[PDB]
Amino acid sequence: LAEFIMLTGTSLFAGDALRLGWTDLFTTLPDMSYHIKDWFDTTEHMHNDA
Amino acid sequence: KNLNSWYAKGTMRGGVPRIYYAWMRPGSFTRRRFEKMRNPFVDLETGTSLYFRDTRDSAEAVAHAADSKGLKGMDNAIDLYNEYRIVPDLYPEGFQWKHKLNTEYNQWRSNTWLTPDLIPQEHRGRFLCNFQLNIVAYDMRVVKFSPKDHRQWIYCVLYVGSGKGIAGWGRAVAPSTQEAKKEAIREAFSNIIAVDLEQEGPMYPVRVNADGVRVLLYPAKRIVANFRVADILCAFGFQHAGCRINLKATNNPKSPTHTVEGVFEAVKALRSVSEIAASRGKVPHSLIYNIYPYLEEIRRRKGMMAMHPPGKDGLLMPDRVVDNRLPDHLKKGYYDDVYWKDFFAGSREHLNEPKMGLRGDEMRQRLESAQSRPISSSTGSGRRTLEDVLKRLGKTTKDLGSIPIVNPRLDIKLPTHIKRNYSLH
Amino acid sequence: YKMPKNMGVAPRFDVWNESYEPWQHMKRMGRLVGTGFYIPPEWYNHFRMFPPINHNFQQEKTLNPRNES
Amino acid sequence: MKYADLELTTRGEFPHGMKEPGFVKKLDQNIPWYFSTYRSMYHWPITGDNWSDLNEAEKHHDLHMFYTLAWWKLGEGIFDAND
Amino acid sequence: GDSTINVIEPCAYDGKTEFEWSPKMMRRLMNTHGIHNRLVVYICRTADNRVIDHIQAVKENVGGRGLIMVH
């Protein structure tokens, strides 16, 4: 499949991107950018431990 | 170009002393909860993986392609002590030693421990500030407990302040002078207020409105306000401030009550500068001297220092088991070549048998520590154990140096001693 | 002139909460403890690291009832 | 050195500063605002390099330290190396 | 819990009264009793039909119609 995606124009997806061991994270939520933003608003301390 | 000299400022109040901070507030002075990892974050484990997010790609982390292993810069830990202080320290540690109790701290450092009924419950063991009470003005209001019964309820206003930063004001109604005074003092220690004196005054005109008295705290070169209001601002420690009330002392309503209430309301409405900044999300000019260690470590992470080892992750994963744990009869001999003969004399954790190797003298010393446990009837006998035998001799249970008995209170014959202790020595 | 029986001691129904909001005590204890003449309560040592959520405004100020504050 | 076996009956107090004040029943001035209002001229601590021909500052600090060490009995039986 | 715009005022509760700010007026706001203070931000619309704070207005020494004060 390594050679396959190169030569044969084919698209990978969420699941296979996951299983190749590519990305850890994966959401199903709406406006997850906004839910990150407001969480990091309510956050308060800017120390690496925090 | 600023012909306001900084060297001629502040209005002298006689002897009234007001605190001044050399650099930063004594609260934000100390940072143990962050240098020593005493925080909910270090406890709650979640997220400690991110410090080792770099091991997503094993080959990449060993390769050290980008130095940027760090969650926040070049290293996981770069300037953990300065760079994080860049944020407006709104919620500072303060005083956090449990060395001696809250009670004994409050007691050594404050005239409030002497007056317990005065501090309400929340503030009890807290304060370390010597509060001066200034009783603004007593009054008398008739209280009608019934149509036929009326009392004279004296009504006090007073402000308990120390120019060290902390000052509240309480007014009370109570039938007697000293009881209304105490009631108002406890209401004041409930209405206690503090102030970020880092700016030593308001940095913007605070135009507040207390219970009918239009107050304006503004910046002046020096405390320029009423005698009463000025002693209140000096009870807070404001060196450069000025409060004006009602626009003029002919403007009603005026009263000692309204004056104290108004100035304290304004000092409450005041926002710190660090709080203003953080509220605007912006870095205050004042604290940018903290990123300078990180800016310098940027500028000095050129070349060799940014160079990270090839293939060396620092994460030296678990693989096998090691057991240097020797049998005790063996570690009893192990160091005999290397340190003093019979290294392992008396470490319980070390020697799985705790007593072995010791000379009877040191075992006798353990026993001297040990005390006489009661004697149940079966254990109690008309025989005289070497305990009371050596009592009658008076000499010592430590005298029998050559005699291999160690614990005379054992109801066992001399060789039974020496056999229960032959395994060891 | 008949006014409500207990009216005299009624609470100010819009500003009776605000004294109690956790953000007020965060703002008001942050300075009390920054002064360095105070020994912060054990709840401040915690809700300092975990400050309350930002946008939980009370319906008495956000005059909007359909709002899941 | 330079010894003469003199005597002394009244030493001072201990200059701990916190000797009780001679108590008074009434005040000769019943005006308390005068302690709160009293300004003065400025105490410019240094004028230029604070140089003065007599060593007016170091000398006085040394003469205060000298007698305070005297009264404190050199201040070391309290603790010096209990640590 | 509290708004970041602590207060926000118009320079004029009226429109018929335009308040042109002298560059010295706008330099005596950032000078609180000897401490340089860019805290309270004042918006003034210059002659160049630009709308700028008093800080860039007095960094180029031009003054403008007063629009708002805010902080």
# chains A, B, ... in the order shown; residues from 1 in each chain; ligands from 1
call {"tool": "residues_around", "arguments": {"residues": "range 4-15 of chain C", "least_positions_apart": "4", "cutoff": "8 Å", "atoms": "only C-alpha atoms", "output": "ChimeraX atom specification"}}
result
/C:19,60-61
call {"tool": "write_last_selection", "arguments": {"atoms": "N, CA, C and O atoms", "output": "CSV table (one decimal), in the first residue's frame"}}
result
chain,number,residue,atom,x,y,z
C,19,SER,N,-22.1,39.4,44.9
C,19,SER,CA,-21.2,39.3,46.1
C,19,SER,C,-20.6,37.9,46.1
C,19,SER,O,-19.4,37.8,46.6
C,60,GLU,N,-29.3,37.1,35.9
C,60,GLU,CA,-29.6,38.4,36.4
C,60,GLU,C,-28.9,39.5,35.7
C,60,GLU,O,-29.3,40.6,35.7
C,61,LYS,N,-27.7,39.2,35.1
C,61,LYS,CA,-27.1,40.2,34.3
C,61,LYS,C,-27.3,39.9,32.8
C,61,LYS,O,-27.7,40.8,32.1
call {"tool": "select_by_dssp", "arguments": {"residues": "range 82-296 of chain B", "states": "strand (DSSP E or B)", "output": "PyMOL selection string"}}
result
chain B and resi 132-135+141-143+151-162+166-174+206-209+214-218+242-245
call {"tool": "atom_distance", "arguments": {"atom1": "CA of residue 223 in chain B", "atom2": "CA of residue 239 in chain B"}}
result
6.0 Å
call {"tool": "closest_atom_pairs", "arguments": {"of": "chain A", "to": "chain C", "cutoff": "10 Å", "atoms": "only C-alpha atoms", "output": "Markdown table"}}
result
| residue | atom | partner | partner_atom | distance |
| --- | --- | --- | --- | --- |
| A:38 | CA | C:54 | CA | 8.4 |
| A:39 | CA | C:53 | CA | 8.5 |
| A:41 | CA | C:54 | CA | 7.5 |
| A:42 | CA | C:53 | CA | 5.3 |
| A:43 | CA | C:51 | CA | 7.4 |
| A:44 | CA | C:51 | CA | 6.8 |
| A:45 | CA | C:49 | CA | 6.8 |
| A:50 | CA | C:49 | CA | 8.1 |
call {"tool": "closest_residue", "arguments": {"among": "A:14, A:5, A:36, A:20", "to": "chain B", "atoms": "only C-alpha atoms"}}
result
A:20
call {"tool": "select_by_dssp", "arguments": {"residues": "chain D", "states": "helix (DSSP H, G or I)", "output": "list in words"}}
result
residues 33, 34, 35, 36, 37, 56, 57, 58, 59, 60, 61, 62, 63, 64, 65, 66, 67, 68, 69, 70 and 71 of chain D
call {"tool": "decode", "arguments": {"residues": "range 34-51 of chain D", "atoms": "N, CA and C atoms", "output": "PDB file, in the first residue's frame"}}
result
ATOM      1  N   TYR D  34      -1.994  66.790  64.795  1.00  0.00           N
ATOM      2  CA  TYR D  34      -0.681  67.386  64.600  1.00  0.00           C
ATOM      3  C   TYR D  34       0.395  66.357  64.364  1.00  0.00           C
ATOM      4  N   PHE D  35       0.145  65.111  64.724  1.00  0.00           N
ATOM      5  CA  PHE D  35       1.092  64.058  64.427  1.00  0.00           C
ATOM      6  C   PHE D  35       0.859  63.523  63.038  1.00  0.00           C
ATOM      7  N   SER D  36      -0.378  63.627  62.561  1.00  0.00           N
ATOM      8  CA  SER D  36      -0.700  63.150  61.229  1.00  0.00           C
ATOM      9  C   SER D  36      -0.366  64.177  60.176  1.00  0.00           C
ATOM     10  N   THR D  37      -0.284  65.447  60.533  1.00  0.00           N
ATOM     11  CA  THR D  37      -0.125  66.480  59.526  1.00  0.00           C
ATOM     12  C   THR D  37       1.296  66.988  59.378  1.00  0.00           C
ATOM     13  N   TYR D  38       2.198  66.637  60.267  1.00  0.00           N
ATOM     14  CA  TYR D  38       3.483  67.309  60.314  1.00  0.00           C
ATOM     15  C   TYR D  38       4.336  66.947  59.119  1.00  0.00           C
ATOM     16  N   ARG D  39       4.498  67.877  58.187  1.00  0.00           N
ATOM     17  CA  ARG D  39       5.481  67.741  57.129  1.00  0.00           C
ATOM     18  C   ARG D  39       6.826  68.222  57.632  1.00  0.00           C
ATOM     19  N   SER D  40       7.836  68.054  56.798  1.00  0.00           N
ATOM     20  CA  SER D  40       9.163  68.560  57.075  1.00  0.00           C
ATOM     21  C   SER D  40       9.867  68.785  55.757  1.00  0.00           C
ATOM     22  N   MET D  41      11.051  69.364  55.827  1.00  0.00           N
ATOM     23  CA  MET D  41      11.842  69.420  54.622  1.00  0.00           C
ATOM     24  C   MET D  41      12.373  68.034  54.321  1.00  0.00           C
ATOM     25  N   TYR D  42      12.813  67.858  53.091  1.00  0.00           N
ATOM     26  CA  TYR D  42      13.182  66.554  52.590  1.00  0.00           C
ATOM     27  C   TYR D  42      14.502  66.123  53.193  1.00  0.00           C
ATOM     28  N   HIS D  43      14.703  64.828  53.297  1.00  0.00           N
ATOM     29  CA  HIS D  43      15.950  64.300  53.826  1.00  0.00           C
ATOM     30  C   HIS D  43      16.766  63.739  52.680  1.00  0.00           C
ATOM     31  N   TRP D  44      17.325  64.610  51.854  1.00  0.00           N
ATOM     32  CA  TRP D  44      18.074  64.140  50.699  1.00  0.00           C
ATOM     33  C   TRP D  44      19.226  63.271  51.159  1.00  0.00           C
ATOM     34  N   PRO D  45      19.185  61.974  50.904  1.00  0.00           N
ATOM     35  CA  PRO D  45      20.130  61.076  51.551  1.00  0.00           C
ATOM     36  C   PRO D  45      21.523  61.181  50.988  1.00  0.00           C
ATOM     37  N   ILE D  46      21.654  61.639  49.749  1.00  0.00           N
ATOM     38  CA  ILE D  46      22.942  61.706  49.077  1.00  0.00           C
ATOM     39  C   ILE D  46      22.928  62.938  48.186  1.00  0.00           C
ATOM     40  N   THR D  47      23.990  63.741  48.268  1.00  0.00           N
ATOM     41  CA  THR D  47      23.962  64.985  47.517  1.00  0.00           C
ATOM     42  C   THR D  47      24.879  64.923  46.309  1.00  0.00           C
ATOM     43  N   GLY D  48      26.174  64.730  46.486  1.00  0.00           N
ATOM     44  CA  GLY D  48      26.954  64.266  45.368  1.00  0.00           C
ATOM     45  C   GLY D  48      27.975  63.307  45.899  1.00  0.00           C
ATOM     46  N   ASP D  49      27.897  62.031  45.552  1.00  0.00           N
ATOM     47  CA  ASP D  49      28.781  61.010  46.099  1.00  0.00           C
ATOM     48  C   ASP D  49      28.725  60.955  47.624  1.00  0.00           C
ATOM     49  N   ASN D  50      27.810  61.694  48.240  1.00  0.00           N
ATOM     50  CA  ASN D  50      27.689  61.784  49.686  1.00  0.00           C
ATOM     51  C   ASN D  50      29.012  61.922  50.411  1.00  0.00           C
ATOM     52  N   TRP D  51      30.038  62.462  49.772  1.00  0.00           N
ATOM     53  CA  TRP D  51      31.318  62.601  50.446  1.00  0.00           C
ATOM     54  C   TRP D  51      31.247  63.693  51.497  1.00  0.00           C
TER      55      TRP D  51
END
